[PDB]
Amino acid sequence: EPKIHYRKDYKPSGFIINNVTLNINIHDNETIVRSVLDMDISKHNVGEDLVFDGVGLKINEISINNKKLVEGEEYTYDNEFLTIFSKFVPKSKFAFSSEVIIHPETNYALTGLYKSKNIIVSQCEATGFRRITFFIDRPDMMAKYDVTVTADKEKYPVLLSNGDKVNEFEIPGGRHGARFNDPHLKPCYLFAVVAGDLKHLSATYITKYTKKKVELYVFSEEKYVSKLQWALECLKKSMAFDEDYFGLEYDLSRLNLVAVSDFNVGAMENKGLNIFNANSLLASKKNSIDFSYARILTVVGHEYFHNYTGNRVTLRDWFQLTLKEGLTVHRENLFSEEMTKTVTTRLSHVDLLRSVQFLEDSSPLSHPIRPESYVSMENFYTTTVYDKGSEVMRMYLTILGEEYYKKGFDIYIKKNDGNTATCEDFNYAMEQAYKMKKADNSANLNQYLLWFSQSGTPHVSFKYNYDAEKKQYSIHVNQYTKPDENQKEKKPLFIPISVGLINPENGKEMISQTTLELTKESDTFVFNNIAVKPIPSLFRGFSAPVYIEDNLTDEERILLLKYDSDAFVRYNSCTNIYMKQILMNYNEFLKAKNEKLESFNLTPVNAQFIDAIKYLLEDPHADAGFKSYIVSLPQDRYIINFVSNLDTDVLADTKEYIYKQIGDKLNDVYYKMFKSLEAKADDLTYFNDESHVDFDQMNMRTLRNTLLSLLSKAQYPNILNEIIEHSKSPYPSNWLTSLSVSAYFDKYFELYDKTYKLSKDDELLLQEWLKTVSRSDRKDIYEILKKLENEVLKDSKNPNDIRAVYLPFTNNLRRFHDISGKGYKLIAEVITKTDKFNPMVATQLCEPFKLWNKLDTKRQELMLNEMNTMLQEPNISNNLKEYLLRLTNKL
Ligand SMILES: CCCCC[C@H](CC(=O)NO)C(=O)N[C@H](C(=O)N1CCC[C@H]1CO)C(C)C
Ligand SMILES: [Mg+2]
Ligand SMILES: [Zn+2]
């Protein structure tokens with residue numbers, strides 16, 4: 001809650017920075033940064049003081065045009081802003097020079113310049129460049145960079161910054177230097193530097209259309225150079241995809257990707273020098289679980305795609321974040337759907353959005369994808385801006401279709417290349433394409449802007465009529481968004497509804513798929529020549545980011561699950577059956593608890609639904625990934641969107657009942673499929689080949705591991721033998737599952753020791769092991785956390801370690817939410833501890849408190865007490881204070 005920046009207040013700077021010439025001299029106990037800004041006065045200038053951002057800098061010298069400026073007389077510096085009084089600021093082109101001292105060796109917040117293990121590395125987005133040197137540190141201040149880095153040669157043999165390496169030189173005293181020129185105008189947030197004893201793999205890529213030769217290097221510490229192979233393949237895939245779908249080619253002679261051990265987020269798109277959390281760049285089949293492959297593909301792609309949507313077209317201001325992030329996520333999703341060719345890839349996104357993003361959008365943190373105000377920009381790198389952003393960017397492709405979408409996208413890139421841009425710029429481009437598609441210059445996408453400005457998730461509900469004799473069917477649709485703090489009156493959105501109509505007698509499609517365009521609060525869509533009463537297949541591919549109220553019977557939903565063509569509608573039909581059941585049994589258990597009944601009834605799971613699950617499971621031509629979705633209940637964070645004053649214990653009992661009802665019918669089926677899938681699931685074709693992954697085979701393993709979990713909880717006879725055997729697989733996805741599912745057996749602690757010994761000498765694998773323990777369904781999980789703290793985590797400041805120990809545990813419904821509040825106290829203590837050195841990670845660890853006002857009134861109180869205690873810690877960070885104030889309804 002200090003200074004609050006507002007979106008309508010945007011004004012261009014009174015100043016211009018045209019070039020940046022940096023020298024960065026790294027020493028053991030200090031790094032010295034000399035910087036010349038070649039600057040000018042803008043047409044917006046009104047003779048104001050020249051104010052630079054600069055945070056924690058120790059000033060050696062400051063000058064303008066070779067004249068030394070002095071503290072008190074010519075400048076003030078308060079550790080956050082440097083003010084050059086106007087009477088000493090020139091009125092035409094001038095050279096500002098500064099030299100400062102910084103200390104990456106003691107920078108544990110991992111913003112600005114820092115040391116990660118033995119690598120020196122920067123992270124500048126959003127406001128980190130000001131921790132390196134003085135700057136007008138905002139994205140519309142675009143300049144060209146000339147960067148020299150020096151260091152001890154033995155410790156830091158490899159020196160990297162943005163763009164072309166133009167010189168390498170030796171320095172007396174065992175030092176060396178490298179100079180880089182980046183020809184592309186950029187904002188400072190895309191500046192990067194790395195120095196280290198790095199090893200690499202490389203390739204040359206030739207661009208499709210202009211035949212530009214591009215050198216591709218991927219880098220890590222020596223211990224893990226062999227884990228770089230997949231990344232380099234993913235980069236080549238990415239490049240090809242942007243050329244093939246978007247006609248976009250890379251624009252420098254060289255592209256480097258670098259892994260570092262300590263990183264607050266996944267990776268960063270610094271021009272020509274993308275930097276990664278090692279967990280999102282490094283893998284090997286012997287030392288990584290499966291999910292690493294899709295992770296790396298996603299993150300390499302995402303950061304590559306930013307070359308156009310973020311770097312060549314950048315942001316005017318930070319309120320426009322979703323323009324680069326939503327759009328880049330949508331680009332990556334298209335890429336990943338094309339690379340994987342599995343329906344589970346779209347389903348995984350939808351599952352994330354409806355759980356994590358819907359929760360945010362009904363919390364006190366709710367915001368539109370283009371926010372109106374902020375305090376710490378770091379708090380607005382949200383699932384809203386990324387995920388709901390991406391669904392907003394995706395709806396344009398749904399509305400326009402592939403050809404006109406690619407047209408609109410080209411107009412956007414062409415118009416804004418080399419410049420900053422706003423969300424309205426993108427909409428205007430898509431609007432040009434829309435007019436072309438409707439053949440009508442009066443068509444507009446003004447209404448579509450409300451996807452940017454209006455917060456909250458729309459609810460879309462349905463009523464059906466069929467006239468048997470006229471062969472006529474109608475779908476009446478209503479949309480509603482719940483008023484909130486951002487808008488007391490909500491407006492109808494442009495909602496695309498992809499639909500099919502299934503004949504329930506034969507399972508066949510009755511119409512060409514079509515996209516209904518709902519733009520009013522309600523509308524009735526009518527279909528002729530509908531030969532029988534259909535079942536509607538609604539929101540195919542999850543065509544808009546909404547709460548779908550299908551108004552279907554379970555019988556109808558079963559028919560969709562079995563016979564519809566669309567993976568999402570099939571999965572959603574299943575999800576809705578589960579949700580009806582959960583809500584019903586939750587209410588039954590809740591009445592029992594509150595009225596202290598001695599006896600009561602529970603509604604049984606629909607038997608035909610069960611049969612339908614069985615039929616799907618036993619179908620050898622049905623997709624293994626899809627099957628894993630059908631046997632899993634909806635996520636807790638999805639469910640909670642449907643329940644007020646949620647008693648988490650009652651929910652836990654509800655889920656256990658339902659899983660047991662299903663298992664009591666299907667466990668023999670589960671076991672037969674677990675055994676029959678083994679040959680194809682665990683086949684070792686390509687186990688030595690890091691350039692190729694079979695994602696279908698991976699989904700077979702996921703299914704096997706899901707079934708093993710289900711069978712383990714049920715205590716299926718002799719399943720312990722199957723778990724033991726599974727712990728000998730060469731696939732870490734399997735042997736870490738073995739640990740997980742062994743939670744329900746006396747052998748857990750044997751498998752804990754065994755898998756720890758298998759994980760401990762690979763830092764990323766050890767982190768996957770920590771996650772596995774943390775997520776284990778153990779009665780003694782609090783004592784197991786203490787053991788991790790004492791034996792493994794200890795004093796680590798590595799965010800991947802901290803996150804791995806605590807975050808999975810916070811998803812343990814029964815234990816995290818223990819009615820004592822001990823879980824809440826435990827995570828609050830970790831947040832407070834962590835905020836003292838890394839505020840961004842501290843705010844990340846507050847994730848489980850986002851649903852506090854959705855819980856039962858005792859749990860609500862217990863969470864609020866912990867948040868209020870954290871807010872009382874002295875020297876709480878602005879990141880964490882802002883976050884908690886907003887979450888608790890004070891800001
Ligand atoms: C998923 C998109 C690609 C990953 C990289 C993005 C960062 C980004 O936008 N780079 O350009 C990120 O870290 N995003 C966050 C992220 O992946 N996080 C933040 C903490 C670590 C990591 C999840 O474990 C998500 C949660 C928004
Ligand atoms: Mg470590
Ligand atoms: Zn991004």
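FYI, the numbering just counts along the sequence from 1. Keep in mind that the numbers below use all heavy atoms, side chains included, and drop hydrogens, waters and symmetry copies. Order of appearance sets the numbers: ligands from 1, and atoms from 1 within every ligand.
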Practice prompt. Report the C-alpha separation of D801 and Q767 in whole Å, then their side-chain angles, then the decisive distance to 0.1 Å, and conclude whether the side-chain hydrogen bond (donor to acceptor under 3.5 Å, both in side chains) test is met.
Written response: CA-CA 6 Å; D801 287 338; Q767 288 161 8; 3.0 Å; yes
Worksheet entry | Chi angles and distances behind the side-chain contact (heavy atoms from CB on, under 4.5 Å) call for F180, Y145 | CA-CA 8 Å; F180 294 85; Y145 289 62; over 6 Å; no
Worksheet item: What's the verdict on side-chain hydrogen bond (donor to acceptor under 3.5 Å, both in side chains) for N307 and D251, showing C-alpha distance, side-chain angles and the deciding distance?
Response: CA-CA 9 Å; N307 200 48; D251 57 347; 2.9 Å; yes
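Annotation: cation-pi pair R254/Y217 present, NZ/CZ under 6.0 Å from the ring centroid and within 45° of its normal. Figure legend: cation-pi geometry between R131 and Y114 absent, as NZ or CZ is not positioned both under 6.0 Å from the six-membered ring centre and within 45° of its axis. A cation-pi contact, defined as under 6.0 Å to the ring centre and within 45° of the axis, is absent between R775 and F809.
Residue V329 has no N or O atom closer than 3.5 Å to an N or O atom of ligand 1.
Under a 4.0 Å criterion applied to the non-hydrogen atoms of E269, ligand 1 contributes the atoms 10 (N), 11 (O). Distances below 4.0 Å separate heavy atoms of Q844 from the following atoms of ligand 1: 20 (C). Taking every heavy atom of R803 and a limit of under 4.0 angstrom, the matching atoms of ligand 1 come to 20 (C), 21 (C). In summary, the atoms of ligand 1 found under 4.0 Å from a heavy atom of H306, numbered by their order in the structure, are 11 (O).
Inside a 4.0 Å radius of atom 25 (C) of ligand 1 there is not any protein heavy atom. Less than 4.0 angstrom separates atom 7 (C) of ligand 1 from at least one non-hydrogen atom of the protein. Under the 4.0 angstrom criterion, atom 15 (C) of ligand 1 counts as lacking any protein heavy-atom contact.
Ring centroid separation for the pair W769 and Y756 comes in under the 6.0 Å cut-off.
Residue nearest to atom 21 (C) of ligand 1, selected from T328, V356, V265: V265 (by heavy-atom distance). Nearest-residue assignment for atom 2 (C) of ligand 1 (options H302, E332, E325; heavy-atom criterion): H302. For the residues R295, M840, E303, the heavy atom positioned nearest atom 5 (C) of ligand 1 is part of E303.
Around CD of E372, the count of heavy atoms belonging to other residues, nucleotides or ligands within 6.0 Å exceeds 12. The environment of NZ in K786 is sparse: at most 12 heavy-atom neighbours from other residues, nucleotides or ligands sit within 6.0 Å.
The closest protein non-hydrogen atom to atom 13 (O) of ligand 1 is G266 N, 2.8 Å. Taking atom 9 (O) of ligand 1 as the reference point, the nearest protein heavy-atom neighbour is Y386 OH, 2.5 Å.
Although no hydrogens or angles enter the test, the distance criterion places no donor-acceptor pair under 3.5 Å between the side chain of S336 and the main chain of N333. Using a distance-only test at 3.5 Å, with no hydrogens or angles considered, no donor-acceptor pair links the side chain of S390 to the main chain of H330.
For the pair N264 and ligand 1, a heavy-atom separation below 4.0 Å is found.
Contacts between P799 and ligand 1 below 4.0 angstrom, taking non-hydrogen atoms only, are absent altogether.
The Zn ion (ligand 3) has an N, O or S atom of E325 inside 2.8 Å of it.
For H302, the N/O/S atom at the shortest distance from the Zn ion (ligand 3) is named NE2.
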